[PDB]
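What follows is a single structure, written as structure tokens, with notes after it.
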Amino acid sequence: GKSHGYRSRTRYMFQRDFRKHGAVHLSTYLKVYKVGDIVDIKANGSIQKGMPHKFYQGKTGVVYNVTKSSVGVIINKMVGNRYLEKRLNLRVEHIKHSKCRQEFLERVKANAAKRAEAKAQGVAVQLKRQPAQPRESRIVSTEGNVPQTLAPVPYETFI
Amino acid sequence: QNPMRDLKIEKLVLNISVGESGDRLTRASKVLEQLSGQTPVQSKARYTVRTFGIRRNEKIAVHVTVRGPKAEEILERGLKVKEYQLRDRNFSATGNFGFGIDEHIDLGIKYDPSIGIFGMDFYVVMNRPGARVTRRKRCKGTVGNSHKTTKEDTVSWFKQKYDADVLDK
Amino acid sequence: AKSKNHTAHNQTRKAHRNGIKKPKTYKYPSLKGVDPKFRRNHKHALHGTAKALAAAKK
Amino acid sequence: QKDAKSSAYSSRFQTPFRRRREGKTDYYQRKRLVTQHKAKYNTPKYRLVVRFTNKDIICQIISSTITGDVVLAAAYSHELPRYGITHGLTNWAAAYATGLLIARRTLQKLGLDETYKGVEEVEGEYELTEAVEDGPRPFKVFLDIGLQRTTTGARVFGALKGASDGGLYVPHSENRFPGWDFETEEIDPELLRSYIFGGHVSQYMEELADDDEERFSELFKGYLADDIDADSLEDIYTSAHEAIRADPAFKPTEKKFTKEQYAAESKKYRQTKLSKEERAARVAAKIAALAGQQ
Amino acid sequence: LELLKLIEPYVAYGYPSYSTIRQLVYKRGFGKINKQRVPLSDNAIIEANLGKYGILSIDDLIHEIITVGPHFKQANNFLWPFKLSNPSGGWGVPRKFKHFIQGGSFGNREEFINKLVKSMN
Amino acid sequence: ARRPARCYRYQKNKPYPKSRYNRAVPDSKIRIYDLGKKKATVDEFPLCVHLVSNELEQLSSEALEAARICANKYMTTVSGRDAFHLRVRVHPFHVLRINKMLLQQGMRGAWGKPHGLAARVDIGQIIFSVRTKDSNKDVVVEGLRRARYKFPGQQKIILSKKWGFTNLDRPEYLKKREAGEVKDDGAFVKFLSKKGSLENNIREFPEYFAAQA
RNA sequence: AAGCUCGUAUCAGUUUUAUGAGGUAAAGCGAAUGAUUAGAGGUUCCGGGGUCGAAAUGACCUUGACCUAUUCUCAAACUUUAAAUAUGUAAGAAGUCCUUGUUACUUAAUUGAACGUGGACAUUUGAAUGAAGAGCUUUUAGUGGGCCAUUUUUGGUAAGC
RNA sequence: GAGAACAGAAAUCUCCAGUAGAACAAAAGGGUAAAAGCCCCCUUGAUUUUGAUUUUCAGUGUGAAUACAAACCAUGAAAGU
RNA sequence: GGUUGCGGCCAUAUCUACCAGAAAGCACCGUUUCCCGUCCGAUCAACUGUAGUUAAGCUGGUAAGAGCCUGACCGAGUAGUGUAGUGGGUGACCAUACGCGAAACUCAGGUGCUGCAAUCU
Ligand SMILES: [Mg+2]
Ligand SMILES: [Mg+2]
Ligand SMILES: [Mg+2]
Ligand SMILES: [Mg+2]
Ligand SMILES: [Mg+2]
Ligand SMILES: [Mg+2]
Ligand SMILES: [Mg+2]
Ligand SMILES: [Mg+2]
Ligand SMILES: [Mg+2]
Ligand SMILES: [Mg+2]
Ligand SMILES: [Mg+2]
Ligand SMILES: [Mg+2]
Ligand SMILES: [Mg+2]
Ligand SMILES: [Mg+2]
Ligand SMILES: [Mg+2]
Ligand SMILES: [Mg+2]
Ligand SMILES: [Mg+2]
Ligand SMILES: [Mg+2]
Ligand SMILES: [Mg+2]
Ligand SMILES: [Mg+2]
Ligand SMILES: [Mg+2]
Ligand SMILES: [Mg+2]
Ligand SMILES: [Mg+2]
Ligand SMILES: [Mg+2]
Ligand SMILES: [Mg+2]
Ligand SMILES: [Mg+2]
Ligand SMILES: [Mg+2]
Ligand SMILES: [Mg+2]
Ligand SMILES: [Mg+2]
Ligand SMILES: [Mg+2]
Ligand SMILES: [Mg+2]
Ligand SMILES: [Mg+2]
Ligand SMILES: [Mg+2]
Ligand SMILES: [Mg+2]
Ligand SMILES: [Mg+2]
Ligand SMILES: [Mg+2]
Ligand SMILES: [Mg+2]
Ligand SMILES: [Mg+2]
Ligand SMILES: [Mg+2]
Ligand SMILES: [Mg+2]
Ligand SMILES: [Mg+2]
Ligand SMILES: [Mg+2]
């Protein structure tokens, strides 16, 4: 018979990192989680309790609840033709603050700051991110750089 | 150089490998008691061996650890029996040494036919001061190279006092 | 007689006719499975913070 | 020692945490002291850290940050001279003493030192410091033994009794105090009281001097040099609490020389390490010494 | 750019010229007004729809394209996709569904796009 | 027994070596892989010639053997038991299978027993290597050439720019030896690094840092 | 199919930016595990068969095992490393900030925690591109033998299997 | 590995090296070292009440599991568990 | 800058060998009446800081040192790979177009950083 236990196919997913087995460092237990925090889910197979099912490995979601030893996390999950709402009880050992949100908050703090120093000058801001643009015209010089000119190479076995 | 590190007998452990359980083994222990002044400890068989006739977790052998001036005294009594000569064997690379005697009455000790006659092993282990470094709970550590006991060293020790002979090689 | 056993062929086509959407979204979302004591106290912090506002109308 | 470590071994060898190697931190037990009920967020767990060296007694109150442990206040036995304890600087009575000083001192600086008196009476009885209804709650602190054995009658539980009686809330139980008879499963507060005042020490002095004029005169050389009579010991400790609860405040030491001053001498005994340039110069000479078959 | 890439076997593109743009917008310019594809035959229509961003003429439309610039987005979106014919003259190659570098059509043919468009225009 | 090579010439299946899950395979038909003067010093045979696969297939053990013999023999009669070193540079690690039909069973339960071994061999991948003295180039090429006829697919024959089985262009090899950076050993040879511990680096290769010449 | 609530919105089989997850391809084996060719030096003072005084608790021997540094070659159910393609999340009014309200939760603590009052901030208000409108309910037909191609891929010698 | 009367390949007694090459009922995989392994001490959280959740899923059942709430307990100096 | 206590990241920190270490600290160390634990006051417990010593631990320095880290137009734009073709080829397989792109290898640099509190020529 086929075999579809709970931790199937997770031989390498829940392995520890090479030369990173053993006690989980204290940092992990000192990070504080509030509701509305966006957490990254990544199981640690030494902490067997509060484990995320293998689906949620690699998935980010928001804390809806905070408890003695675990956060509750909301995950949107597609089944069939629609996302369903999913509530996960994960111990903190399997959870991490999502850096991408910190890029965002820090940018929001930037964009309020930029906006001030412009009304304090009544000038214009230009606050939206622009994407990487073409390139403007340049004049490269030949001073100390007369173009070495290359040509294709003969065939030659080295074995 | 040579101040601290004066090199001494850490402990002496006498063994009688009786090899069977019951009266013979209670009797062998009593000897070790009647000698060490200590209450000795029984050893259990690590595994069943049929040609020797021992079963797993059977009480087979008894030993007692002696330290301090007593063990220095029971060492001599033995040394006395081996006529103050040992072999360049006996001395382990790590600095400890040992020997064995047949017949325990040969070092003091009345006879007492309700106790009979046992022989016994004599392993004495050597250290210096500063060995608690390897033994304590907190900040356990390893001795330094230019410290710590060896066989060259604790053979010459053995000759210097005891006025002894170590034989062969 | 033997027949085909399984396939996901055509299934994402089917799922994507009028499907995927997103998940439905609300401020004041469900409080399903939140710490019961906290809810209990939240209950009270609300009644109070209500009250106090009607007191500020006379 | 020709048990050489195969380069394989070394390569996939995984070092313990630094302070594990040092045999200082029990990380299994740390994780449980430090960890907060996540729904108390940045409510710091506070630790009563009590360590003994061979000549001193350390008492810190610590909380944990990701970037490091932080101390609210620290007290020592080597402060105790200022408060009248000159000898026996690592015995039980100095442990209680040091446990008291830290108590008074922290929760002085905290502000709850007028409220939460403590005991003042001290018959060494078992009791925690319950909070005053219609008021604050006491500064709660959890003992941190570290690596010390839990033996009944241990020095480290002196500092505990010192701190509890100081009016810190420090959860505990009797059965590791001197006085705890395990047949009885009861505590004889006379023994515990005695210990606070160095009873077990004083007695021995009396037994010694009578029985051994010579040993005593050696073991207790400095009680002689200062005429500390033995049965005056209690009054040293009793008086010392007085002055402790009196002025619990911390005063530093008067330090000759400034930080830089020390430094610029205090390890220009440091061995300065070569530059790769010189190093190569050493390499190329060493050979000529060794080159030529021998 | 990463879009173009994704789509490169199915399209043929390059760098247009005032000429090609001028004639594309004149001859085949239709605006988007409440869906409806409306032909730009009088300047009023652009100004009624693109005036808010400046642009009250057809050459105002053109300029805002060739220069890209600020309301290109809304200018260009206004412009209904151009319905070109098939190339009068031919594709100039045996098979079109290789790359321009390989012997014809599909991919960036750069400032060759003009000769192409003009024959499809 | 033994169905044609044609039934197993292509790398159609993930490698299936003998393993704790595949115990009970028979023994490879080729067992010897080094022969000729296999103990000869690195200096003796400076010339190296290779029999190179130009396809991507599988070579049976039995091919390897058959070709090995046909190589060794022709080499020895024409220049002798000690005039070359022949190294079979490819091992038959992979197991072929037979389903094996004995009314009849059918395509049900078609998983096969082990049938024999082969070597999954690549484009460019060396098959045979030979080392000799330069004055045996042509006798060597024909050893290999005679062997080609025993192997499925186009396999090329190439003159190595290498001093024997070592690496290093022949010129770069002679720099090193006449510098004393090279020390003999079990038929192969060790090299002097500028990496390890100085002491036992000079006790291993005295000749390098020395008066001498 | 019936519509209903609305009306540019929140949308998307897409890119970008930022930040996650992964152990396949490749790679590797003088790195672990498991395989595998070859010598070389050293061991036994603790397996051995002899010759030298039957001598041997003694020598030099070939021979195993073991050790050291090399060497040729491998893995769906080995691996340090480790892609490409795919894949999670985020890119703001349900936001940001300041003031200080509630509570029985929590704190040594008007400390926190949640939810608020009041005040301030709308040109690009927080990337791209598109939008043929978005949202939503009810109900019912058929169907529930499939097959083919490129690519990935399992069994089989293979197959229009 | 080096050492100790009878003691032998194998009894029991030291010391040194030792990242796990061991052990953890069982298949295999993951996980673990002042432990999750070995020895000891105290124990009945293998308990009481009904909810929420994760997997398989129709997001039905069943199994198994996870995190709280409200009791009553066990253990420990304690945090805790 | 030393040193200690509690730490963070957990080898640039570990391994091997040799030296060096002012001052303070830490340590080894002295003792066994007392609470307490041992076959053994060795560990554990208590006591003195008194009799001693930097020998060891610990701290640094050395080493064409083992390991580990960092880099590099070092190998290699290679291997692998997304997309394309009525491309080559009997096939096995390969070249080209638009893209992404490693491992080993080689060489080069490096060998703990750091928070809180205390203390020191
Ligand atoms: Mg299966
Ligand atoms: Mg897999
Ligand atoms: Mg470990
Ligand atoms: Mg469980
Ligand atoms: Mg017997
Ligand atoms: Mg049927
Ligand atoms: Mg069929
Ligand atoms: Mg069907
Ligand atoms: Mg079926
Ligand atoms: Mg190496
Ligand atoms: Mg503990
Ligand atoms: Mg008693
Ligand atoms: Mg036309
Ligand atoms: Mg014409
Ligand atoms: Mg025509
Ligand atoms: Mg043309
Ligand atoms: Mg036939
Ligand atoms: Mg197949
Ligand atoms: Mg079957
Ligand atoms: Mg079968
Ligand atoms: Mg592969
Ligand atoms: Mg690799
Ligand atoms: Mg291997
Ligand atoms: Mg397979
Ligand atoms: Mg997507
Ligand atoms: Mg848009
Ligand atoms: Mg229907
Ligand atoms: Mg239906
Ligand atoms: Mg139906
Ligand atoms: Mg067992
Ligand atoms: Mg298992
Ligand atoms: Mg056991
Ligand atoms: Mg049950
Ligand atoms: Mg004792
Ligand atoms: Mg002692
Ligand atoms: Mg002690
Ligand atoms: Mg030490
Ligand atoms: Mg190195
Ligand atoms: Mg096509
Ligand atoms: Mg083709
Ligand atoms: Mg054809
Ligand atoms: Mg290719």
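Naming works like this for the structure tokens: A, B, ... for the chains as they're shown, residue 1 at the start of each chain, ligands 1 onward in shown order.
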
> Counting only C-alpha atoms (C1' of nucleotides), what is within 12 Å of segment 58-62 of chain I, bar same-chain residues fewer than 6 positions away, as a PyMOL selection string?
Replying inline: (chain B and resi 133+139-144) or (chain D and resi 22+267-274+279+282-283) or (chain I and resi 2-4+17-21+25-28)

>> If the cut-off is 7 Å, can you tell me the residues of chain E near chain I, counting only C-alpha atoms (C1' of nucleotides)? I'd like them as an MDAnalysis selection string.
In response: chainID E and resid 9 97:99 101:102

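Selecting all polymer residues at most 12 Å from ligand 21, using only C-alpha atoms (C1' of nucleotides) and all ligand atoms, gives residues 14 and 15 of chain F; 24, 25, 26, 27, 28, 74, 75, 76, 78, 79 and 82 of chain G; 79 and 80 of chain I.
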
Within 10 Å of residue 114 of chain I using only C-alpha atoms (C1' of nucleotides), minus same-chain residues under 5 positions, as a PDB file with N, CA, C and O atoms (P, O5', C5', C4', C3', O3' and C1' of nucleotides), in the first residue's frame:
ATOM      1  N   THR D  67      20.651  41.174  22.507  1.00  0.00           N
ATOM      2  CA  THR D  67      22.008  41.668  22.330  1.00  0.00           C
ATOM      3  C   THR D  67      22.873  41.450  23.565  1.00  0.00           C
ATOM      4  O   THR D  67      24.054  41.788  23.569  1.00  0.00           O
ATOM      5  N   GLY D  68      22.293  40.880  24.610  1.00  0.00           N
ATOM      6  CA  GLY D  68      23.052  40.626  25.817  1.00  0.00           C
ATOM      7  C   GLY D  68      22.251  40.647  27.106  1.00  0.00           C
ATOM      8  O   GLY D  68      21.187  41.244  27.176  1.00  0.00           O
TER       9      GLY D  68
ATOM     10  P     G I   8      23.347  33.668  25.528  1.00  0.00           P
ATOM     11  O5'   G I   8      23.558  34.828  24.461  1.00  0.00           O
ATOM     12  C5'   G I   8      22.473  35.649  24.058  1.00  0.00           C
ATOM     13  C4'   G I   8      22.842  36.516  22.882  1.00  0.00           C
ATOM     14  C3'   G I   8      23.296  35.783  21.637  1.00  0.00           C
ATOM     15  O3'   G I   8      22.213  35.282  20.864  1.00  0.00           O
ATOM     16  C1'   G I   8      24.823  37.497  22.115  1.00  0.00           C
ATOM     17  P     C I   9      22.172  33.729  20.444  1.00  0.00           P
ATOM     18  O5'   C I   9      23.051  33.700  19.114  1.00  0.00           O
ATOM     19  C5'   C I   9      22.717  34.538  18.026  1.00  0.00           C
ATOM     20  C4'   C I   9      23.920  35.018  17.247  1.00  0.00           C
ATOM     21  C3'   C I   9      24.858  33.978  16.672  1.00  0.00           C
ATOM     22  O3'   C I   9      24.341  33.295  15.551  1.00  0.00           O
ATOM     23  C1'   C I   9      26.124  35.717  17.598  1.00  0.00           C
TER      24        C I   9
END

Report as a PDB file with N, CA, C and O atoms, in the first residue's frame which protein, DNA and RNA residues come within 8 Å of ligand 7, using only C-alpha atoms (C1' of nucleotides) and all ligand atoms.
ATOM      1  N   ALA C   1     -12.502  -4.354 -16.847  1.00  0.00           N
ATOM      2  CA  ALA C   1     -11.219  -4.101 -17.491  1.00  0.00           C
ATOM      3  C   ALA C   1     -10.476  -2.928 -16.840  1.00  0.00           C
ATOM      4  O   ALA C   1     -11.091  -2.095 -16.168  1.00  0.00           O
ATOM      5  N   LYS C   2      -9.163  -2.857 -17.045  1.00  0.00           N
ATOM      6  CA  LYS C   2      -8.367  -1.734 -16.537  1.00  0.00           C
ATOM      7  C   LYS C   2      -8.695  -0.396 -17.223  1.00  0.00           C
ATOM      8  O   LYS C   2      -8.915  -0.314 -18.445  1.00  0.00           O
ATOM      9  N   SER C   3      -8.677   0.652 -16.409  1.00  0.00           N
ATOM     10  CA  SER C   3      -8.998   2.013 -16.801  1.00  0.00           C
ATOM     11  C   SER C   3      -7.922   2.955 -16.297  1.00  0.00           C
ATOM     12  O   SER C   3      -7.188   2.592 -15.389  1.00  0.00           O
ATOM     13  N   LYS C   4      -7.839   4.170 -16.826  1.00  0.00           N
ATOM     14  CA  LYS C   4      -6.901   5.157 -16.287  1.00  0.00           C
ATOM     15  C   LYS C   4      -7.065   5.293 -14.777  1.00  0.00           C
ATOM     16  O   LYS C   4      -8.168   5.142 -14.261  1.00  0.00           O
TER      17      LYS C   4
END

> Which residues of chain H are close to chain A, meaning at most 10 Å apart when you count only C-alpha atoms (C1' of nucleotides), and how do they look as a ChimeraX atom specification?
Replying inline: /H:19,29-33,35-36,52-56,59,64-68

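Any residue of chain D with an atom within 10 Å of chain G counts; using only C-alpha atoms (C1' of nucleotides), that gives residues 7, 8, 9, 11, 12, 39, 40, 41, 42, 43, 44, 107, 110, 111, 112, 136, 137, 138, 139, 140, 141, 168 and 169 of chain D.
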
Please produce an output containing C-alpha atoms for each residue in the selection, written as a short mmCIF file (atom, residue, chain, number, x, y, z; two decimals), in the first residue's frame.
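Now in part.cif:
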data_model
loop_
_atom_site.label_atom_id
_atom_site.label_comp_id
_atom_site.auth_asym_id
_atom_site.auth_seq_id
_atom_site.Cartn_x
_atom_site.Cartn_y
_atom_site.Cartn_z
CA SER D 7 41.25 16.00 9.06
CA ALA D 8 37.87 14.40 8.34
CA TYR D 9 36.91 14.59 12.05
CA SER D 11 36.06 19.31 9.39
CA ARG D 12 32.63 18.02 10.22
CA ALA D 39 1.56 37.01 26.03
CA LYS D 40 3.50 39.08 28.56
CA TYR D 41 5.55 40.31 25.66
CA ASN D 42 8.50 42.35 26.97
CA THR D 43 7.81 41.53 30.57
CA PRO D 44 11.35 40.71 31.64
CA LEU D 107 14.48 47.64 45.38
CA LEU D 110 13.47 50.60 42.20
CA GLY D 111 11.49 52.56 44.78
CA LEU D 112 9.64 49.82 46.66
CA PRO D 136 2.03 47.42 44.44
CA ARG D 137 3.23 43.83 44.06
CA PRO D 138 6.72 42.85 45.17
CA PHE D 139 9.75 42.77 42.92
CA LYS D 140 9.64 39.12 41.93
CA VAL D 141 12.88 37.42 41.14
CA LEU D 168 12.41 40.40 47.15
CA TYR D 169 9.83 37.89 46.08
#

>> Counting only C-alpha atoms (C1' of nucleotides) and all ligand atoms, what are the residues, protein, DNA or RNA alike, that approach ligand 41 to within 10 Å? I want them as a PyMOL selection string.
In response: chain I and resi 89-91

Now that the selection is made, can you save its residues with C-alpha atoms (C1' of nucleotides) as a PDB file, in the first residue's frame?
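And here's part.pdb as it stands now:
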ATOM      1  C1'   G I  89      22.151  13.775 -37.147  1.00  0.00           C
ATOM      2  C1'   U I  90      20.236   6.681 -39.004  1.00  0.00           C
ATOM      3  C1'   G I  91      20.392   7.137 -34.025  1.00  0.00           C
TER       4        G I  91
END

Could you pull out the alpha helix (DSSP H) residues of segment 28-242 of chain D from DSSP and send them as a JSON list (two decimals) with C-alpha atoms, in the first residue's frame?
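Below is the file that was written, part.json:
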[["chain", "number", "residue", "atom", "x", "y", "z"],
["D", 28, "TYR", "CA", 19.32, 23.77, 28.95],
["D", 29, "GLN", "CA", 18.58, 25.48, 32.25],
["D", 30, "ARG", "CA", 19.17, 28.97, 30.91],
["D", 31, "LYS", "CA", 16.45, 28.68, 28.30],
["D", 32, "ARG", "CA", 13.92, 27.93, 31.02],
["D", 33, "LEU", "CA", 14.93, 30.74, 33.37],
["D", 34, "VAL", "CA", 14.98, 33.39, 30.68],
["D", 92, "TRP", "CA", 26.96, 31.06, 54.66],
["D", 93, "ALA", "CA", 26.57, 34.15, 56.80],
["D", 94, "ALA", "CA", 28.14, 36.29, 54.13],
["D", 95, "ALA", "CA", 25.86, 34.63, 51.62],
["D", 96, "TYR", "CA", 22.73, 35.68, 53.56],
["D", 97, "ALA", "CA", 24.42, 39.02, 54.00],
["D", 98, "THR", "CA", 25.08, 39.46, 50.33],
["D", 99, "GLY", "CA", 21.57, 38.25, 49.52],
["D", 100, "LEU", "CA", 20.18, 40.97, 51.81],
["D", 101, "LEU", "CA", 22.32, 43.78, 50.46],
["D", 102, "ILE", "CA", 21.30, 43.10, 46.85],
["D", 103, "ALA", "CA", 17.66, 42.99, 47.91],
["D", 104, "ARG", "CA", 17.63, 46.32, 49.74],
["D", 105, "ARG", "CA", 19.87, 47.82, 47.07],
["D", 106, "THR", "CA", 17.86, 46.90, 43.98],
["D", 107, "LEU", "CA", 14.48, 47.64, 45.38],
["D", 108, "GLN", "CA", 15.87, 50.82, 46.89],
["D", 109, "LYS", "CA", 16.76, 52.06, 43.42],
["D", 110, "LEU", "CA", 13.47, 50.60, 42.20],
["D", 156, "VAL", "CA", 23.85, 29.53, 47.48],
["D", 157, "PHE", "CA", 20.62, 29.14, 49.34],
["D", 158, "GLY", "CA", 21.99, 31.48, 51.95],
["D", 159, "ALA", "CA", 21.88, 34.36, 49.47],
["D", 160, "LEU", "CA", 18.36, 33.16, 48.70],
["D", 161, "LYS", "CA", 17.27, 33.50, 52.36],
["D", 162, "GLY", "CA", 19.19, 36.75, 52.37],
["D", 163, "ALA", "CA", 17.18, 38.04, 49.43],
["D", 164, "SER", "CA", 13.74, 36.77, 50.44],
["D", 165, "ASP", "CA", 14.08, 38.30, 53.94],
["D", 189, "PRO", "CA", 14.30, 27.51, 62.30],
["D", 190, "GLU", "CA", 16.83, 27.65, 65.12],
["D", 191, "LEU", "CA", 19.42, 26.07, 62.88],
["D", 192, "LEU", "CA", 18.49, 28.26, 59.94],
["D", 193, "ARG", "CA", 18.59, 31.35, 62.17],
["D", 194, "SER", "CA", 21.97, 30.37, 63.57],
["D", 195, "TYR", "CA", 23.38, 30.01, 60.13],
["D", 196, "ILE", "CA", 22.34, 33.54, 59.17],
["D", 199, "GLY", "CA", 26.54, 29.93, 64.19],
["D", 200, "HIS", "CA", 28.16, 26.86, 62.68],
["D", 201, "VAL", "CA", 31.41, 28.86, 62.31],
["D", 202, "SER", "CA", 31.58, 30.41, 65.79],
["D", 203, "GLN", "CA", 31.00, 27.08, 67.56],
["D", 204, "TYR", "CA", 33.87, 25.43, 65.71],
["D", 205, "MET", "CA", 36.11, 28.27, 66.85],
["D", 206, "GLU", "CA", 35.22, 27.52, 70.45],
["D", 207, "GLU", "CA", 35.63, 23.77, 69.98],
["D", 208, "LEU", "CA", 38.94, 24.30, 68.17],
["D", 209, "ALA", "CA", 40.76, 26.74, 70.42],
["D", 210, "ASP", "CA", 40.01, 24.64, 73.48],
["D", 211, "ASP", "CA", 40.95, 21.38, 71.74],
["D", 213, "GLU", "CA", 45.40, 25.91, 70.49],
["D", 214, "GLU", "CA", 47.66, 25.50, 67.51],
["D", 215, "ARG", "CA", 45.27, 24.59, 64.66],
["D", 216, "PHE", "CA", 42.80, 27.32, 65.72],
["D", 217, "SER", "CA", 45.56, 29.89, 65.88],
["D", 218, "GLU", "CA", 46.28, 29.10, 62.21],
["D", 219, "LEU", "CA", 42.77, 28.64, 60.80],
["D", 221, "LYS", "CA", 44.90, 33.83, 62.67],
["D", 222, "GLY", "CA", 42.97, 36.97, 61.71],
["D", 223, "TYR", "CA", 40.27, 36.83, 64.40],
["D", 224, "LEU", "CA", 43.19, 37.01, 66.76],
["D", 233, "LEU", "CA", 30.39, 36.78, 65.80],
["D", 234, "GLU", "CA", 26.59, 36.99, 65.87],
["D", 235, "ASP", "CA", 26.83, 40.66, 66.77],
["D", 236, "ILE", "CA", 28.99, 41.30, 63.75],
["D", 237, "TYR", "CA", 26.35, 39.88, 61.42],
["D", 238, "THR", "CA", 23.39, 41.35, 63.30],
["D", 239, "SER", "CA", 25.05, 44.74, 63.30],
["D", 240, "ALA", "CA", 25.89, 44.28, 59.62],
["D", 241, "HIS", "CA", 22.27, 43.94, 58.53],
["D", 242, "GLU", "CA", 21.62, 47.21, 60.40]]

> Given a cut-off of 8 Å, which residues of chain I touch chain D, counting only C-alpha atoms (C1' of nucleotides), written out as a ChimeraX atom specification?
Replying inline: /I:1-2,5-8,10-11,13-15,21-23,26,33-36,44-45,47-50,60-61,64,66-68,115-118,120-121

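What separates atom CA of residue 197 of chain F from atom CA of residue 213 of chain F is a distance of 24.2 Å.
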
>> Using only C-alpha atoms (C1' of nucleotides) and a cut-off of 7 Å, which residues of chain G sit close to chain A? Please list them as JSON, numbers by chain.
In response: {"G": [16, 18, 19, 20, 21, 88, 89, 90, 124, 126, 127]}

> When the cut-off is 9 Å and we count only C-alpha atoms, which residues of chain C are near chain A, given as a PyMOL selection string?
Replying inline: chain C and resi 11-12+14-23+31+33-35

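For the atom pair formed by atom CA of residue 47 of chain F and atom CA of residue 128 of chain F, the distance is 14.1 Å, given to one decimal.
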
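Atom CA of residue 66 of chain F is positioned 18.0 Å from atom CA of residue 156 of chain F.
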
> Nearest to chain E among G:129, G:85, G:37, G:68, with distances taken over only C-alpha atoms (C1' of nucleotides): which residue is it?
Replying inline: G:129

> Please, which residues have at least one atom within 10 Å of an atom of ligand 15, using only C-alpha atoms (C1' of nucleotides) and all ligand atoms, listed as a ChimeraX atom specification?
Replying inline: /E:88-90
